[PDB]
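Colleague: Can you keep this structure in mind? I'll have questions shortly.
Ideal geometry is used to build each Cβ from the backbone, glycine not excepted, and the neighbour counts take in all protein chains shown. Just so it is clear, none of the values below were taken in a lab; they were calculated from the coordinates.
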Amino acid sequence: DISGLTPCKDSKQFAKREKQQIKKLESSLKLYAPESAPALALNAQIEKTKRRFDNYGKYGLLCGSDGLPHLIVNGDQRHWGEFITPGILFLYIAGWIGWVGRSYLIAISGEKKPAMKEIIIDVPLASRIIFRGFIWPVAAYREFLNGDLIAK
Amino acid sequence: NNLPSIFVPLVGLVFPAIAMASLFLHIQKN
Amino acid sequence: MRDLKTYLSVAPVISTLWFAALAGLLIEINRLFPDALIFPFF
Amino acid sequence: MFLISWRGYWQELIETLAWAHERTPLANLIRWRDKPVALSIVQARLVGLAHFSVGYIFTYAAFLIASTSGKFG
Amino acid sequence: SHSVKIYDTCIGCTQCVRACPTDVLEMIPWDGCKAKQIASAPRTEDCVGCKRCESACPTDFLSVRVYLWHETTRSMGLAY
Amino acid sequence: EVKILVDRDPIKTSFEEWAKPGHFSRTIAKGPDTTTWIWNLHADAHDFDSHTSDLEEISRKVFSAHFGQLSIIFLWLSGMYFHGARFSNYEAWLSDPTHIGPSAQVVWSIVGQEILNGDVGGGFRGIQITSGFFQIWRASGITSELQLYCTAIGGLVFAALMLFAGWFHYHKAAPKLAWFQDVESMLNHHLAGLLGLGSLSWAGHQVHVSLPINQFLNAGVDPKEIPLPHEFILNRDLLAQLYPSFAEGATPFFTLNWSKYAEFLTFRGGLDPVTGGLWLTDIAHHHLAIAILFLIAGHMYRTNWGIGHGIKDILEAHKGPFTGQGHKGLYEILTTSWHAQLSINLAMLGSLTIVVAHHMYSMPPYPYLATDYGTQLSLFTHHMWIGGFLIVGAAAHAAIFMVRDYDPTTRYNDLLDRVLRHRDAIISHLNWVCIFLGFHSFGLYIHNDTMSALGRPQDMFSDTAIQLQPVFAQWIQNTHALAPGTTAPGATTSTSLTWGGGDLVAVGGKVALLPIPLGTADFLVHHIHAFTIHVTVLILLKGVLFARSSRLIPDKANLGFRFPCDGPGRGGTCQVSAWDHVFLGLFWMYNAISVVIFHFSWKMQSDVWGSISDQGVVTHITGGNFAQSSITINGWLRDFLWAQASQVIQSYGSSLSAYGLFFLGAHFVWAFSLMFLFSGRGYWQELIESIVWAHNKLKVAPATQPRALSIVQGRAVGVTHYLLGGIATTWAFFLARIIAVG
Amino acid sequence: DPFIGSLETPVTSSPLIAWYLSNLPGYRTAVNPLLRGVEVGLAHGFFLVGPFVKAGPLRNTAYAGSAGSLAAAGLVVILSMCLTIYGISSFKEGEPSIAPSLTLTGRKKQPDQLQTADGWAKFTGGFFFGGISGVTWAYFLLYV
Amino acid sequence: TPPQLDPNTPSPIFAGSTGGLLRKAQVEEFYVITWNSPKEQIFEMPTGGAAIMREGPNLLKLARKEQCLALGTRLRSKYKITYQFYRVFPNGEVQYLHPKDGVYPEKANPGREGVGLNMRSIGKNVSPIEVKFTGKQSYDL
Ligand code: CLA
Ligand code: CLA
Ligand code: CLA
Ligand code: CLA
Ligand code: CLA
Ligand SMILES: CC1=C(/C=C/C(C)=C/C=C/C(C)=C/C=C/C=C(C)/C=C/C=C(C)/C=C/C2=C(C)CCCC2(C)C)C(C)(C)CCC1
Ligand SMILES: CC1=C(/C=C/C(C)=C/C=C/C(C)=C/C=C/C=C(C)/C=C/C=C(C)/C=C/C2=C(C)CCCC2(C)C)C(C)(C)CCC1
Ligand SMILES: CC1=C(C/C=C(\C)CCC[C@H](C)CCC[C@H](C)CCCC(C)C)C(=O)c2ccccc2C1=O
């Protein structure tokens, strides 16, 4: 479809790889007794492998010639969930962490010896500060508009 | 012919000794 | 009680508690959802 | 060797070696003209860098040429 | 022999004179400080370059400076 | 006189000192100005000699630290026993020890790491262990898991007891200084009580418990049918059926006709054919004799009574040709400072560990241990590394003592002054010996390589062209082989099968032991070992002797023990302290130990280990290529590093895959170490300046201003990373090879 | 003198060692350097002849010893060179001897002329002649 | 102050060592340190080992000035003893070295000439480009 790639449900090397993995698991599975716990664990492993391959086929990834899935970071609307959405989630989380840390630093900067507050954290103030990161983009945008973000 | 059998020993051994002696004498000279 | 609480707020103890909680949450999330390569909710 | 070990150890070793040379018989007749001292800091750094580069280049050249010429394909 | 220089930011705390291992620096009377004294380096030829005087000097930047220069038997610390 | 002296409640237990870090040192306790403070808080934590000056507090702190260490060790032992009891296949391995691989760890099933649960055997899946605990448990007579559970519970109880004892002896009743300074009573109690009584009790256990159970197991009885150990004590009929001598009771012992006990107290020697190990009767006899010897030797020093010897009198009254008055003030020096004792004990412990490794590999004392190759390799390498580290630490503590606890006015010794007055000759001679040994030992290899590379195999130093044979070692081997015939009539056979002469011992189709030949390669490797050891000794001795002062710096003792340099003057004075000498000798210890373990591994794989068919031929793992390929560096690189690394790099997708990952990870760490060994502080400080400016622009500047690491800290980090990476690489390679091929 | 960087030991100060070292040709001060150098060269060449013929590349063939002998002679030549330059860079034409002037007891004695341009030149010439003669004698004795 | 002389002072009791004088002392120079002790006591030599100083005047020979100054400062710090050292040349010249004015350098003394003083801040030095192609240096100006 894109750059000469084949949909992963159509490709045959994907099914071949699944067959090799299942055969490799069954080779070790044949050793133990049917009622033994290792047999149950290996059967669970086989079921997990089958479910993983079924989900990979369902999600619409594109395996290459070698039979392994490939990721598209172009921004094509058909492949937004591979890169763009996790990227947005990661950016949100990182902004939360950074905003919380900067807010705590500014809050403890007032005291006479902030070093003792850094080496020995105070819990109530940090607990109050932490939950303000849920709205970090709005606060950051407003502070940038006002002019409090950059020191002078 | 047989030039290498005459030239390789000259460059390999005699010339380095001459150069080393000359350089040592020039360096140690006051 | 005051001194014990002050000691419990030192950097290594808080760090190990935070990282243990984070590791436990990540392990439990990966157990409930075994494999994940793309974001399929949308 | 030139990139981790530093000067003071070698200077003390050189002093001990000088004492040993001075005290022995039948070899104190021969005496030096320039006092032996250990290498400087920048000089040792340069020597170590030169050794590192020479080893790097020679090893890679040998490996590349041998591997590419053994098969000729 | 290395070069040792003294600037006028000195406050005459006499730490550099005490730190010297070869008796290079001394103190002389002066006029532009509370301590009414300033350091000097007459015996420059005996300097080895240990830079202990710079190690013991309270200022924004050192009021005593050592620049390495032509080496000899004394400055190389040789006893043989 | 000898008395118990204590002080009541010297310190009060409270949490107020936990809140404020660095309470031991006032400079640290003042507060953090920069980040370097943190790096100091961990460096001076255990330097009790710098916190105060009174010996009493230091001794009390040392005692409490010892108690805490004992508690930690007991916790570790209890954990090992509990793992053996719960998650293991010990009962399955007991019946068929040859065809089942020990395993005592089970991995969870979270991510996909379940591939690490390999098919060890006996209907079990897990990680194969190489600690050798199964052989110890079998030799102790354990045949169930309830006993292991009870042992784990007892270990937990003892760890709790040790922790409580430490708390009690620091905070409730702390001994005075005179209690610690009584070395005669301590020596008497450590010799007669700690060593003799413990070995006597272990010999009694072996006589009463281990021997009958092991005899029943060796007969072929099922482990579930063996009578319980207390049945042998309760029922004298069973022991009479097993060993008739017990029917006579303890009467022979008092009757002095001890020959009646010849059934279970023998002097045969050699290896047991069934299990490939030493006889248990010989072990019990040896323990009994050692107990007698220690009990006799524990009554030498005078304590509280007329009879005995005085250590000070023995030292002072010593007269000899080369010594003279000699040891006059050594007693005060040894009873005044802890560092000299620490150095002596560290060196002795390292030497003992090396001897232990050698004696353990040579004569296997546990059943079914020789035929398990991974356990042998792991034990040898581990004990060698531990011994090397201890030997290195001894010199560092000796230098610390010489720097900070030596004064020739109050406590003067003649021998130390005499040694300190001629250090130049010692250093010069050691340097010459090192140069000569290195030149010859490495020039032989370089000559062999050059002659082989030029198509001249008849000019090398080999068994075929120019022979350099170890005649003295061969003579010693022949003497040892012929020893039991005439020189030792009591022993039936020789002590070990290593000596050239005797028969081959193999257990379960696998070779256990056979005589080891000696040739030119052994000569070369032994000389290389000597060269490396001599260089390490030279480095450590030069560090120790020149600690107080030197020709270059006449007042090095004023600067202390841990200082980076003196300055850029005098041409450069970097790395002049004894700490730098220890940091430099660590590398050479690492090199020597690596060479030794490589030699041991290749020689054992090539000339001893292997398999035997029914006809009677022996096929070794590498087919005896050591004698012709180990004489050149190219042979070492190709036939050892390249050939034996096939298993580790091909372990992906199998149960050994973890090892392969480590084989990469350690490599990374090694390279990382170089960053801390080739650079300096100024560049990093100047970079941190710009980083701090970039932080300041956004109002995220911390109060604790970041600072680059100190020079000593950087050197320590570099050497630690280097050693860790190298050791982990060797560990992964050895374990992967010996598990996949053996 | 306890403040001089040297110690007195049985090995370094014994009548036998002192006599044996003082009777060596390198310590005879009164004798002119040529006669000492001749003996030194003779001994050195006679010693040096052996290892070349015993461990040479051709040591197994029939030419072996002869070839080895030649090699020994070559070494002597190189050694002679290593002497000559050492004189040129050390002793000037008109400067006097630099040997110690007084003995251990304290008596004034004539300094050795070996540490002089003419003395060192005589020593080197005698060493070369003696080395060549010793090599020739060793070869003749070994293979005739 | 007028320089003193050291005609015939005895020496401490030492057994000898290998850290003593070398060929430089016979060729180039050496140093002599003299002090006065009120009682016989044991001290530590800079060259390794311990020695005993006789009661009265004591004299010692060393190779460098650093050893002399270290020994003198140890004597002053521990024993409270006045000392002075000279430098001796092969030709026989003896040059007075330690305190030249008769007082220790750490004490300000009138009549002392100042050497190496620059009446400016360390940041007022000119750039190296200004002193190029000349034999002077920026810090010398
Ligand atoms: C750069 C050029 C170079 C050359 C051309 C040679 C050439 C030679 N080498 Mg040398 N060598 C060199 C560099 C060189 N080397 C270096 C860098 C090293 C250090 C690794 C060595 C170390 C070395 C060793 C360790 C040995 C040689 C030997 C040999 C000889 C081998 C031939 C033979 O089989 O023996 C034929 C038989 C002979 C003994 C020849 C005898 C006649 C010779 C040429 C002497 C003539 C005398 C003359 C007065 C020399 C002094 C004059 C002065 C200007 C040099 C030959 C003379 C072998 C040898 O000489 O044996 C002792 C040998 O064992 N070489
Ligand atoms: C470091 C040790 C080392 C040693 C011992 C040897 C030894 C040997 N080499 Mg090898 N070699 C080496 C390293 C070494 N090599 C290296 C690093 C290289 C470069 C890669 C080579 C390259 C090389 C070549 C190219 C050749 C050899 C060959 C040989 C042989 C020639 C010997 C000879 O002719 O000169 C011996 C000369 C002497 C003057 C001996 C001096 C030593 C004497 C005996 C001193 C003993 C001191 C005594 C105890 C003093 C006490 C005093 C008391 C009496 C008062 C010899 C067996 C040659 C060969 O063909 O052999 C088969 C050859 O051609 N070698
Ligand atoms: C015969 C009795 C006796 C015994 C058995 C021991 C045994 C021991 N002592 Mg010694 N000691 C004794 C007499 C004795 N001591 C006397 C009289 C003195 C005073 C001069 C000392 C002074 C002394 C010091 C200063 C130190 C030791 C240490 C040690 C331990 C060494 C650690 C080790 O090697 O692991 C072997 C491990 C085991 C065998 C653990 C078993 C637990 C043992 C059996 C505890 C019972 C021992 C105790 C003496 C008896 C209890 C008395 C109390 C209930 C009233 C070990 C527990 C060192 C130590 O580690 O400190 C804790 C230490 O620092 N001892
Ligand atoms: C037998 C026990 C023993 C004991 C009780 C001591 C005791 C002492 N040592 Mg000695 N020492 C020993 C053995 C011992 N040493 C050995 C074997 C060596 C050779 C390496 C040394 C070498 C040595 C040096 C070089 C120094 C001392 C010093 C000291 C003192 C300071 C201790 C300190 O602050 O550490 C507190 C603890 C640490 C700083 C922890 C550091 C982190 C380590 C290095 C990491 C190991 C990592 C681990 C194994 C790998 C897993 C990684 C994982 C964590 C991710 C203390 C009195 C120091 C001193 O100042 O003396 C006056 C000093 O400079 N020792
Ligand atoms: C593999 C590289 C390497 C090598 C070869 C050396 C070599 C040496 N080290 Mg160094 N060192 C290294 C890395 C290395 N080091 C590293 C990584 C460190 C950590 C910082 C150190 C730290 C260190 C310390 C702390 C010490 C040394 C010392 C020594 C010397 C030991 C004495 C001896 O064996 O000399 C014999 C010679 C050799 C083994 C070198 C190879 C020579 C071969 C045989 C070739 C000879 C051929 C021939 C003569 C060449 C002529 C050809 C030419 C004419 C063209 C020797 C010079 C010790 C010392 O100097 O005391 C004596 C010492 O104390 N080293
Ligand atoms: C393993 C282990 C354990 C255990 C242990 C045990 C169980 C022990 C035991 C022990 C014991 C159980 C001991 C015992 C001992 C004994 C003894 C030491 C005895 C002695 C005796 C005597 C000395 C005698 C004498 C006599 C004589 C000579 C004659 C007559 C008289 C009389 C009898 C007096 C635990 C858990 C803890 C920990 C972990 C590990
Ligand atoms: C090497 C090592 C190890 C091991 C160790 C061990 C194994 C030990 C053991 C030990 C022991 C094994 C000990 C023992 C002890 C004992 C004792 C201490 C005893 C005592 C006794 C008594 C006290 C008695 C008493 C009595 C009685 C009861 C009766 C009669 C009378 C009388 C009084 C005699 C480990 C692994 C940890 C690691 C590290 C190192
Ligand atoms: C890399 C390097 C540095 C820089 C190394 C530094 C600054 C060490 C940094 C250590 C850590 C990563 C810093 C942060 C530590 C905090 C605990 C972080 C807390 C925040 C979360 C991670 C919990 C030197 O300072 C140096 C000095 C002398 C010789 C060589 C070197 C050298 O090689």
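Colleague: Quick one: helix A:37-58 against the long Cα principal axis of chain A, what's the angle to the nearest 10°, folded into 0 to 90?
Modeller: 80 degrees
Colleague: I would also like to ask the following. Cα convex hull of the stretch F:455-496: how many Å³ per residue?
Modeller: Dividing the Cα hull volume of the stretch F:455-496 by its residues yields 77 Å³.
Colleague: Give me a single rounded figure for F:699-708: the average over its residues of other chain Cβ atoms within 10 Å of their Cβ.
Modeller: Average per residue, whole number: 4.
Colleague: Which values, in whole Å and largest first, are the semi-axes of the equivalent ellipsoid of the stretch F:362-409 obtained as the square root of 5 times each eigenvalue of the Cα gyration tensor?
Modeller: Listed largest to smallest, the semi-axes of the stretch F:362-409 are 41, 10, 5 Å.
Colleague: Just to be sure I understand the model, the point goes 7 Å from the Cα along the line to the Cβ. What's the resulting F:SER679 to F:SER144 distance in nm?
Modeller: Rounded to a tenth, the inter-label distance reads 6.2 nm.
Colleague: Next up: In square nanometres, what is the average projected area of the Cα convex hull of chain E?
Modeller: 5.0 nm²
Colleague: F:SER613 versus H:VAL126, label points 7 Å from Cα toward the beta carbon: distance in nm?
Modeller: My value for the distance between the label points is 9.5 nm.
Colleague: Counting pairs of alpha carbon atoms under 8 Å apart in space and at least six apart in sequence, what relative contact order in percent does chain H give?
Modeller: Across chain H, relative contact order equals 23 percent.
Colleague: Now for a different question. For n ≥ 4 DSSP H runs only, could you compute -39500 (n - 2.57) per run for the protein assembly as shown, divide by its residues and tell me the 222 nm figure to the nearest 500?
Modeller: Theoretical 222 nm ellipticity from helices: -16000 deg cm²/dmol.
Colleague: Write down the Å³ per residue value for the convex hull defined by the alpha carbon atoms of the stretch F:552-659.
Modeller: Measuring per residue, one finds 215 Å³ for the Cα hull of the stretch F:552-659.
Colleague: At 20 °C and 1.002 mPa s, grab the translational diffusion coefficient of the stretch F:270-385 from Stokes-Einstein with a Kirkwood Rh over Cα pairs, rounded to a whole number in µm² per second.
Modeller: Answer from the Stokes-Einstein relation: 116 µm²/s.
Colleague: Then there's this: Compute the long axis of helix D:41-71 from its Cα atoms, compare it with the longest principal axis of the Cα atoms of chain D, and write down the angle in degrees, 0 to 90, nearest 10.
Modeller: The helix D:41-71 is inclined about 30 degrees to chain D.
Colleague: Counting other C-beta atoms within 10 Å, and keeping those with at most 14, which DSSP coil GluC sites (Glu not before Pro) do you find in the stretch A:56-150?
Modeller: Sparse-neighbourhood loop GluC sites (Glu not before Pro): A:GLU111.
Colleague: Next up: Would you give the gap between the C-alpha center of the stretch F:652-709 and the C-alpha center of the stretch G:1-71, rounded to a whole Å?
Modeller: 59 Å
Colleague: Same structure, new question: In whole Å, what three semi-axes, largest first, describe the equivalent ellipsoid of the stretch F:1-159 built from its Cα gyration tensor (square root of 5 times each eigenvalue)?
Modeller: 46, 24, 13
Colleague: Next question, about the same structure. Set the Förster radius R0 to 25 Å, insert the Cβ-Cβ distance between A:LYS9 and A:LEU71 as r into 1/(1 + (r/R0)^6), and round the FRET efficiency to 0.05.
Modeller: So, using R0 = 25 Å, E works out to roughly 0.90.
Colleague: Sort F:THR622, F:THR492 so the one with the fewest other Cβ atoms within 10 Å of its own Cβ comes first.
Modeller: So the residues, fewest neighbours to most, are F:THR492, F:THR622.
Colleague: Bin all alpha-carbon pair distances of the stretch F:589-740 at 5 Å intervals from 0 and give each bin's fraction as a whole percent.
Modeller: 1, 8, 12, 13, 13, 12, 9, 7, 7, 6, 4, 3, 2, 1, 1, 0, 0
Colleague: Taking the square root of 5 times each eigenvalue of the Cα gyration tensor, what semi-axes in Å does the equivalent ellipsoid of chain F have, largest first?
Modeller: After diagonalising the Cα gyration tensor, the semi-axes are 45, 37, 32 Å.
Colleague: Beyond 25 Å, how much of the Cα-Cα pair distribution for the stretch H:19-141 remains, as a whole percent?
Modeller: Considering the stretch H:19-141, 48 percent of its Cα-Cα pairs are separated by more than 25 Å.
Colleague: In addition: Residues of H:64-74, mean number of Cβ from any other protein chain within 10 Å of their own Cβ, rounded to a whole number?
Modeller: Per residue, the average neighbour count from other chains is 6.
Colleague: Please determine, in degrees from 0 to 90 and to the nearest 10, the orientation of helix H:65-74 with respect to the longest principal axis defined by the Cα atoms of chain H, where the helix direction is its Cα long axis.
Modeller: Compared with the principal axis, the helix lies near 60 degrees.
Colleague: Let me ask something else. Averaging over every viewing direction, what projected area does the convex hull of the Cα atoms of chain C cover, in nm²?
Modeller: Mean projected area for chain C: 4.7 nm², to one decimal.
Colleague: Which of the peptides D:28-41, F:72-85, F:184-197, F:267-280 is most tightly packed, and how do the rest follow, going by the mean number of other Cβ atoms within 10 Å of each residue?
Modeller: Packing proxy ranking, top to bottom: F:267-280, F:72-85, F:184-197, D:28-41.
Colleague: Any idea how far the Cα center of the stretch F:1-75 sits from the one of the stretch A:55-87, in Å?
Modeller: Cα centroid to Cα centroid, the span is 59 Å.
Colleague: Can you give me the long-range amide H partners of A:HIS70? Hydrogens built in the peptide plane at 1.01 Å from N, cutoff under 5 Å, separation of 5 or more residues or another chain.
Modeller: Counting only residues 5 or more places away or on other chains, the set is A:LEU62, A:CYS63, A:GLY64.
Colleague: I'd like the mean, over residues of E:18-26, of how many other protein chain beta carbons sit within 10 Å of each residue's own Cβ.
Modeller: 6
Colleague: For the protein assembly as shown, what ratio Rg/Rh do Cα atoms give with a Kirkwood hydrodynamic radius?
Modeller: Dividing the radius of gyration by the Kirkwood radius yields 0.98.
Colleague: Give me the one-decimal nm value for the distance between modelled label points at D:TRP10 and A:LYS19, 7 Å along each residue's Cα-to-Cβ direction.
Modeller: Reported label-point gap for D:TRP10 and A:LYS19 is 6.6 nm.
Colleague: Now a separate question. Starting from the Cα of H:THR1, step 7 Å toward the Cβ, then list every residue of the stretch E:33-48 with an amide N under 18 Å from that point.
Modeller: Residues E:42-43 fall inside that zone.
Colleague: Under 4 °C and 1.567 mPa s, how fast does the stretch F:183-340 diffuse according to Stokes-Einstein, given a Kirkwood radius computed over C-alpha pairs? Answer in µm²/s, whole number.
Modeller: Here the translational diffusion coefficient equals 66 µm²/s.
Colleague: Shifting gears a bit: For the stretch F:335-377 and the stretch D:1-70, what is the separation of their C-alpha centers, rounded to whole Å?
Modeller: The distance from the Cα centre of the stretch F:335-377 to that of the stretch D:1-70 comes to 38 Å.
Colleague: Still on this structure, please answer the following. As an exercise, use a Förster radius of 56 Å and the Cβ-Cβ distance of H:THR9 and F:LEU349 to find the FRET efficiency, rounded to the nearest 0.05.
Modeller: Working from the Cβ atoms, E equals 0.60.
Colleague: Near F:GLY567, within a Cβ-to-Cβ distance under 10 Å, what is the net charge of the other residues, with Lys and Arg +1 and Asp and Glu -1?
Modeller: Once positives and negatives cancel, what remains is +1.
Colleague: Can you give the Rg to Rh ratio of chain A, both from alpha-carbon atoms, with Rh computed by the Kirkwood formula?
Modeller: That ratio equals 1.24.
Colleague: While we're looking at this one, here's another question. Taking Rh as the Kirkwood radius computed over C-alpha pairs, what is the Stokes-Einstein D of the stretch F:372-487 at 37 °C in a medium of viscosity 0.692 mPa s, expressed in µm² per second?
Modeller: 161 µm²/s
Colleague: Rank by packing, highest mean first: peptides F:114-124, F:373-383, with packing defined as the count of other Cβ atoms within 10 Å averaged across residues.
Modeller: Ranking, from highest mean packing down: F:373-383, F:114-124.
Colleague: Also, quick follow-up: When only C-alpha pairs under 8 Å and at least 6 residues apart count, what is the relative contact order of the stretch F:212-311, in percent?
Modeller: Relative contact order of the stretch F:212-311: 13 percent.
Colleague: Relative to the compact-globule scaling 2.2 N^0.38 Å, provide the ratio for the alpha-carbon radius of gyration of the stretch F:155-218.
Modeller: Here the Cα radius of gyration is 1.71 times the empirical estimate.
Colleague: Nearest 0.05, what FRET efficiency do F:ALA29 and F:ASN257 give at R0 = 51 Å with Cβ-Cβ as r?
Modeller: 0.10
Colleague: For the stretch A:114-125, what does the Karplus curve 6.51 cos²θ - 1.76 cosθ + 1.60, with θ = phi - 60°, yield as ³J(HN,Hα) per residue in whole Hz, taken in order and with x for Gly and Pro?
Modeller: x, 4, 5, 6, 6, 6, 10, 5, 9, 7, x, 5
Colleague: Further, regarding this structure: Over all directions, average the projected area of the Cα convex hull of the stretch A:3-82 and note it in nm².
Modeller: Convex hull of Cα atoms, orientation-averaged projection: 6.0 nm².
Colleague: Per the Kirkwood formula on distinct C-alpha pairs, the Rh of the stretch F:35-85 is how many angstrom?
Modeller: With all distinct Cα pairs of the stretch F:35-85 included, I get 13.5 Å.
Colleague: Here's another thing I want to ask about it. If neighbour count is taken as other Cβ atoms inside 10 Å, put G:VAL38, C:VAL10 in order from fewest to most.
Modeller: C:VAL10, G:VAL38
Colleague: Given E:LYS5/H:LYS136; A:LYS9/A:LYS58; H:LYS24/H:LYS100, which pairs have Cα atoms separated by over 18 Å?
Modeller: H:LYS24/H:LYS100
Colleague: Still on this structure: From the backbone phi of the stretch F:232-237, what are the Karplus-calculated ³J(HN,Hα) couplings (6.51 cos²θ - 1.76 cosθ + 1.60, θ = phi - 60°) in whole Hz, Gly and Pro given as x?
Modeller: Coupling constants for the stretch F:232-237: 5, 5, 5, 9, 6, 5 Hz.
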